[PDB]
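Quick note on labels: first sequence line is chain A, next is B, and so on, each numbered from 1.
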Number of protein chains: 4
Amino acid sequence: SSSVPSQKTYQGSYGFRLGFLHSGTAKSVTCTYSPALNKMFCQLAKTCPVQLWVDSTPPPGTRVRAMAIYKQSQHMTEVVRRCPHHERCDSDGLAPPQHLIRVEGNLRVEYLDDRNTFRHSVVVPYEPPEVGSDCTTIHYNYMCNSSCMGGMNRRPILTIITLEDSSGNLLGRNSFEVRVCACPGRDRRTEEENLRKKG
Amino acid sequence: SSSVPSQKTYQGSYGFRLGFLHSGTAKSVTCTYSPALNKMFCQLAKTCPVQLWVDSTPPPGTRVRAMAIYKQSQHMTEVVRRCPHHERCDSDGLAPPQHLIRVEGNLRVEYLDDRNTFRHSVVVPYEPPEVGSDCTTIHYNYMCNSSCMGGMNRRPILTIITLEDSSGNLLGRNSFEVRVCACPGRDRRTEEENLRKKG
Amino acid sequence: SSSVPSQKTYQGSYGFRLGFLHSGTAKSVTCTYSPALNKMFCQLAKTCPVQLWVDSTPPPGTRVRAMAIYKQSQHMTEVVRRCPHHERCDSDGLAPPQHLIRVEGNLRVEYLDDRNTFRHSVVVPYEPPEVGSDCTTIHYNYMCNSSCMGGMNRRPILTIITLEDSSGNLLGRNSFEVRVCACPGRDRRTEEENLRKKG
Amino acid sequence: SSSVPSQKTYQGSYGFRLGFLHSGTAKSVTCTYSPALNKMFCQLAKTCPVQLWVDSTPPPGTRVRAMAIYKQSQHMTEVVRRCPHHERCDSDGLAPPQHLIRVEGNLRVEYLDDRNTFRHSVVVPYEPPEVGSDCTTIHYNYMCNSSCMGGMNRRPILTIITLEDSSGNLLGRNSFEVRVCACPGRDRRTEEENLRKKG
DNA sequence: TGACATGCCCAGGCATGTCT
DNA sequence: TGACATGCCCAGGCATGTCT
Ligand SMILES: [Zn+2]
Ligand SMILES: [Zn+2]
Ligand SMILES: [Zn+2]
Ligand SMILES: [Zn+2]
């Protein structure tokens with residue numbers, strides 16, 4: 001069992017928050033975000049664009065870390081890992097096969113295994129938006145379904161995104177729930193309806 | 001891809017056939033056999049008793065081999081193995097972790113990996129029935145569900161039981177289909193009803 | 001997992017059979033036998049008298065062995081042992097603390113752990129009945145309840161009694177089911193009624 | 001028999017009190033707290049989150065200790081230990097197999113056996129809440145059911161949580177009753193109804 | 001001896017990747 | 001996109017040592 005990183009929102013002095021793209025109505029759209037649930041629904045190994053928005057410019061050398069933790073109290077102290085089947089399959093060259101979350105399209109990506117907690121994380125440099133743009137987008141990939149036997153095993157996860165200075169100070173923190181599934185559109189609509197009818 | 005052992009019934013000069021125990025009506029009974037389908041339905045890692053019946057006594061040194069093959073033509077040439085999750089879990093001390101089929105309660109069990117075909121099999125000596133008894137019973141275990149991702153992946157298998165002399169001559173061959181599943185009683189009654197209504 | 005001793009009745013050339021005493025009607029009588037079920041119901045650590053009847057006199061040096069096996073196919077290959085709580089408690093001086101079945105009142109008792117199967121058994125010399133008597137009685141004790149967690153765990157057992165010559169030849173074999181429980185009278189009456197109503 | 005640690009509430013100069021999470025309505029929810037009974041109902045080996053609330057910040061080096069005692073006067077002087085079955089089973093690497101209470105997800109956990117009283121306790125450093133949060137949460141696990149034969153044996157326990165400075169001074173003490181059981185929701189609703197109807 | 005105890009058994013139906 | 005798949009969740013009630 002491992003000590004649990006905080007998931008508490010800390011928008012901080014830089015006004016850090018996340019944004020998500022709108023997507024289509026298909027039963028099996030690749031990535032769709034529910035604001036009511038603060039929850040991403042996405043397919044295995046497909047791009048999940050996450051926007052980073054800030055009110056003030058972070059200092060040079062700021063880093064963006066993503067980490068998954070189990071959402072339920074009963075599972076929080078268990079490290080989130082890829083299942084043995086997917087670990088044994090699809091390497092991009094940098095991500096260790098045991099890591100659930102990857103970043104695509106970034107030459108400065110770093111995959112970390114915490115020496116004390118054993119938890120996995122993936123870090124890229126923070127880059128400010130281009131001229132006229134309001135945010136910076138990172139493309140994450142989740143390499144197992146929420147349902148994978150021997151991995152997440154139908155346990156919901158949170159992704160925690162932290163903005164950190166080069167010294168390691170926490171500048172901001174946000175999180176979102178993730179369901180990696182075959183039919184994100186179906187499952188988002190089911191969970192939203194259950195929220196309305198039974199929540 | 002691997003060459004495919006015969007599944008053709010050969011009751012042979014010893015009159016070799018299989019028998020199966022009757023079991024209870026529970027939705028999740030541990031092992032239940034359908035004569036109409038020639039199909040065992042059983043749970044993961046639970047005992048599956050298979051009876052060996054002969055009309056004539058096999059010679060000393062006769063051996064009994066069990067091997068799984070996929071039933072569908074499209075999958076026949078693929079070796080049946082345990083999935084990575086269950087391989088990484090439950091060793092009894094003798095069975096290699098990759099083997100699907102084990103025998104319990106036999107000190108002379110041998111687990112074989114074919115040098116040419118890569119197929120797994122498990123062998124025990126043939127023992128004649130005790131006085132007054134009509135058959136000999138072997139207790140097999142199947143160490144994955146038929147549905148296991150990265151293993152059988154919802155593909156039906158046959159188990160091929162061969163009676164072999166010590167020289168390697170085939171004396172008899174029988175086979176039965178297997179579904180390893182959580183609810184053998186439910187699934188047997190579903191498959192028998194589908195046979196009657198749509199077969 | 002361990003190879004399974006035969007439980008098949010073999011009354012043999014000596015006409016070997018078991019007999020049991022009649023007992024009282026109390027809900028918690030110490031030992032009561034159901035002929036309809038061929039099943040002893042008895043309390044923990046209390047005397048269970050078992051009679052040995054023969055038609056012909058066994059040879060000098062004949063031995064009487066008792067051994068427990070799980071009755072259900074799914075558990076047959078598991079060695080029957082005392083639970084950790086009762087193992088750690090009540091030694092008579094001869095019985096190893098892991099043995100379920102003891103014999104009381106016999107100076108020539110031998111407790112055996114099979115080198116290959118790991119199964120426990122308890123052996124006493126066969127003694128012919130005294131003049132005018134028809135049988136010989138052995139007093140067995142069962143040192144766990146059928147329900148004990150970490151031991152029998154609510155799994156029914158059979159006791160197998162074998163008559164063996166000094167050379168090791170099997171002269172006769174009989175068996176009976178056992179439920180060790182707090183209320184043998186209650187439980188016998190429940191199981192007999194269930195047999196009549198639902199069997 | 002062992003001297004009995006105090007269970008008297010002492011909220012102390014730091015205003016120390018416990019808090020508990022709300023949980024779902026399921027018959028077998030993993031952990032549910034009854035304010036009317038000051039009683040946790042939880043399952044074996046599952047996470048039990050306990051919140052530590054203070055009004056004033058404890059000094060550096062403060063420690064949080066948990067210990068179980070039997071609630072009934074007749075059993076208070078008996079040390080609460082794991083039963084022999086569960087002791088012989090599930091080690092996390094740090095907890096001795098005899099200890100009932102474990103802490104998950106803390107690298108600084110210490111398991112203590114008192115030299116004089118023989119009582120077990122588990123200690124972690126006190127950490128103040130993160131920014132904006134009102135409490136600190138510890139995840140305890142209870143490694144036997146209240147009913148375990150040879151352990152708690154259906155005797156209710158209190159868990160005593162003490163806040164202690166590094167010098168050993170008692171800063172605060174709170175306690176709650178615990179029932180570790182298979183069906184916490186069922187049993188909580190039974191005990192609350194008995195309180196209302198017969199208390 | 002009656003009846004409470006409490007972990008477990010059991011059937012109904014949700015789950016969710018995949019078939020069509 | 002509709003609907004089958006199939007391991008799992010869940011509540012009702014049996015279990016069985018013990019309390020009275
Ligand atoms: Zn996976
Ligand atoms: Zn598997
Ligand atoms: Zn016992
Ligand atoms: Zn226990």
Item to check | Flag side-chain contact, heavy atom, 4.5 Å: B/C48 against B/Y142 | outcome: yes
Next on the checklist: Please determine whether a side-chain nitrogen of the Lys or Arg among D/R81 and D/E87 lies less than 4.0 Å from a carboxylate oxygen of the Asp or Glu.
Outcome noted: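 The answer is no: the pair does not qualify as a salt bridge.
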Checklist entry - Do B/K27 and B/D187 meet the salt-bridge criterion of a basic N to acidic O distance under 4.0 Å? => result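 Answer for the salt bridge query: no.
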Separation of [N] [atom2] from [X] [atom1] (nearest whole Å):
| X | N | atom1 | atom2 | value |
| --- | --- | --- | --- | --- |
| A/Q72 | F/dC8 | CD | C1' | 13 Å |
| A/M149 | E/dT18 | CE | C1' | 16 Å |
| A/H86 | E/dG17 | NE2 | P | 10 Å |
| C/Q43 | F/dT18 | CD | P | 10 Å |
| B/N145 | F/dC8 | CG | P | 7 Å |
| C/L44 | F/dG17 | CG | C1' | 11 Å |
| D/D187 | E/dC8 | CG | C1' | 13 Å |
| A/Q74 | F/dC8 | CD | P | 16 Å |

Next on the checklist: I want to check one thing: is the phosphate of E/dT6, taken as OP1 and OP2, less than 4.0 Å away from some side-chain N or O of D/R179?
Outcome noted: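 Yes.
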Next on the checklist: E/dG7, OP1 or OP2 - any side-chain N/O from D/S147 closer than 4.0 Å?
Outcome noted: yes
Checklist entry - Which residue lies toward the 5' end of DNA chain F, D/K27 or C/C148, if each is placed at its nearest nucleotide? => result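 Closest to the 5' end, via its nearest nucleotide, is D/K27.
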Starting the side chain at C-beta, find the nucleotide from [options] nearest to [X].
| X | options | answer |
| --- | --- | --- |
| C/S28 | F/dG12, E/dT1, F/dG7 | E/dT1 |
| A/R154 | E/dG12, E/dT16, F/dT18 | E/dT16 |
| D/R186 | E/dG7, F/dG7, F/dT16 | E/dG7 |

Checklist entry - Given that both pair distances must be under 3.5 Å and the pair must be Watson-Crick or G-U, what runs of three or more consecutive pairs involve DNA chain F? => result E:2-4 with F:17-19, E:7-9 with F:12-14, E:12-14 with F:7-9, E:17-19 with F:2-4
Item to check | Worked verdict on B/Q43 versus B/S28 for side chain to side chain donor-acceptor pair (under 3.5 Å) | outcome: CA-CA 8 Å; B/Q43 293 184 320; B/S28 301; 4.5 Å; no
Next on the checklist: Please check this pair: side chain of C/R82 against backbone of C/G151, looking for a donor-acceptor N/O pair closer than 3.5 Å.
Outcome noted: no
Checklist entry - How many angstroms lie between CD in B/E177 and OG1 in B/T159, if you round to the nearest 0.5 Å? => result 10.0 Å
Item to check | Six-ring centre of D/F41, D/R188 cation under 6.0 angstrom, axis tolerance 45° | outcome: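 So D/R188 doesn't make the cation-pi contact.
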Checklist entry - Between A/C183 and C/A26, who's closer to the 5' end of DNA chain E by nearest nucleotide? => result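 Its nearest nucleotide lies further toward 5', so the answer is C/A26.
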